[PDB]
Amino acid sequence: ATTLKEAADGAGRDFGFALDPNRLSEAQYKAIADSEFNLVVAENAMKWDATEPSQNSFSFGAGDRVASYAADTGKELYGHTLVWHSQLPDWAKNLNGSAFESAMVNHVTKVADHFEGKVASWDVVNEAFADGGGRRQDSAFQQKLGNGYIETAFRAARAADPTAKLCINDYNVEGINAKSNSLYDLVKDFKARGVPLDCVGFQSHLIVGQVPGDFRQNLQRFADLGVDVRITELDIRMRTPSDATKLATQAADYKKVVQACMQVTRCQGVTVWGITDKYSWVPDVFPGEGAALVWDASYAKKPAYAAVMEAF
Ligand SMILES: O/N=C1\NC[C@@H](O[C@@H]2OC[C@@H](O)[C@H](O)[C@H]2O)[C@H](O)[C@H]1O
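FYI, the numbering for the sequence shown is 1 to 312, going by the deposited numbering.
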């Protein structure tokens, strides 16, 4: 294979990236997006703040751009994310009780309906759990509606889009731990009670030299519950600046992650949260950390590239 697109295509899996539609006007960015991936997800364009800035007022221009890019280039389209405690407009946070539930339900219905037939899978609910186990403690959805909001969102999504693969997404759940266990229980419960749920997304925002040794094992147990699994926001951050041994360790980590997916029949593929370190979200969120993607700031392939190629 000459591109990661071919490598993934050959493995019968997806290799995607998080797209910022505005960067499509940047030649080198587009060249890589066009040639190295077979799947695309909106890094921000389809979130609540970007789609419903004011209650009942939707703005799909940005999300449409991402969707159009996918159809135009023949790539699968993944949707991120319908219900999430972050990047939630104040107007929504200002609602309570029935008013809030109705706003959530309508947001799911409107967005899912708008992209119906285009988005193949949705991160319906994102980051519902807490590190250490249990439900997230700073979520407007958890605080205003309690435990049942997740099921409500999934049922609402399925009603709006009868065929889309509906996933629940989270981070720090790549290995077996208290958090992934809480997620495992939810997934099992939903399948047992017939709640619409087809997949689980393992964000995989990892630290280099720290890939869980039980990654595949964890992916397999979720797959065994009767759902598909997918690595949705892969990036492995290191302490900056980068150097040779850090880049090599990172390359090794990327190989380990793609391998775990390859070892699970139901792992749909791997999506990296961005193309180049030039735009990666890590530095501004994790002080002193970065250089987490496959391409550096000059659009030069890093060692991680060959590792991903070999893994597929
Ligand atoms: O870990 N969980 C997530 N991580 C990255 C999130 O995407 C970021 O959201 C904030 C924006 O300012 C950034 O541009 C964007 O990369 C993702 O939505 C979430 O699931």
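Note that beta-carbon positions come from the ideal geometry of N, C-alpha and C, so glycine has one too.
- Message: So, under 8 Å CB-CB, residue 313 and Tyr171 are touching, yes? Tell me the CB distance rounded to an integer number of Å.
- Response: A query on residue 313 cannot be resolved here, the shown segment of the chain reaching from 1 to 312 and no further.
- Item | For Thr232 and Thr265, believed in contact at Cβ under 8 Å, the rounded distance | Within the sequence shown, residue 265 is the residue found at index 265, counting from 1. Within the sequence shown, residue 232 is the residue found at index 232, counting from 1. The pair is not a contact, with the Cβ atoms about 18 Å apart (cut-off 8 Å).
- Task: Less than 8 Å between the CB atoms is what I'm expecting for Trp273 and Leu234, so what's the real figure, rounded?
- Result: On the sequence shown, position 273 is the one that residue 273 refers to. On the sequence shown, position 234 is the one that residue 234 refers to. With 8 Å as the limit, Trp273 and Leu234 qualify as a contact, their Cβ atoms being about 6 Å apart.
- Message: Between which two residues does the beta strand (DSSP E) holding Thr245 run?
- Response: Stepping through the sequence shown from its first residue, residue 245 is reached at position 245. Per DSSP, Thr245 belongs to no beta strand (DSSP E); it is in the alpha helix (DSSP H), 244-262.
- Query: Buried or exposed: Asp123, going by 16 or more other Cβ atoms within 10 Å of its Cβ?
  - Reply: Within the sequence shown, numbered from 1, the residue matching residue 123 stands at position 123. By the neighbour-count rule (16 or more Cβ atoms within 10 Å), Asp123 is buried.
- Go ahead and label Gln203 buried or exposed: buried means 16 or more other beta carbons lie within 10 angstroms of its beta carbon, across all protein chains shown. Residue numbering aside, residue 203 sits at position 203 when the sequence shown is read from its first letter. By the 10 Å Cβ count, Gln203 comes out buried.
- Please name the residue, chosen from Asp113, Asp72, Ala71, that lies closest to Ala164 on a Cα-to-Cα basis. Residue 164 sits at position 164 when you count from the first residue of the sequence shown. It is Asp113 whose Cα lies nearest to the Cα of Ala164.
- Should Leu4 and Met309 be called a contact, given that it needs their Cβ atoms to be closer than 9 Å? Here residue 4 refers to the residue found at position 4 of the sequence shown. Here residue 309 refers to the residue found at position 309 of the sequence shown. Contact: yes.
- Item | Per DSSP, the bridge partner or partners of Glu127 | Start at 1 with the first residue of the sequence shown, and residue 127 comes out as number 127. Paired residue(s): none; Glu127 is not in a bridge.
- Message: Using only the alpha-carbon positions, how far apart do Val227 and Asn181 sit?
- Response: Here residue 227 refers to the residue found at position 227 when the sequence shown is read from its first residue. Here residue 181 refers to the residue found at position 181 when the sequence shown is read from its first residue. Their backbone Cα atoms lie some 16 Å apart in a straight line.
- Query: Just the Cα atoms here: how many angstroms apart are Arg230 and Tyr149?
  - Reply: The residue you call residue 230 lines up with position 230 of the sequence shown. The residue you call residue 149 lines up with position 149 of the sequence shown. Going by the C-alpha atoms only, they are around 23 Å apart.
- With 16 other CB atoms within 10 Å as the buried threshold, where does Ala157 fall? Here the question's residue 157 lines up with position 157 in the sequence shown. Classification for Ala157: buried.
- Query: Tell me which same chain residues have a C-beta within less than 6 Å of the C-beta of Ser139, skipping the five on either side of it?
  - Reply: Counting from one through the sequence shown, the residue named residue 139 turns up at place 139. If we look at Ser139 and ignore the five residues flanking it on each side, its Cβ neighbours are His85.
- Closest by CA to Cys267, which one among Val257, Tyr279, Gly290? The residue you call residue 267 lines up with position 267 of the sequence shown. For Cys267, the nearest C-alpha among the options comes from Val257.
- Query: So, is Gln87 buried or exposed, given that buried needs 16 or more other C-beta atoms within 10 angstroms?
  - Reply: Taking the sequence shown and counting its residues from 1, one reaches residue 87 at position 87. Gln87 is exposed by the Cβ-count criterion.
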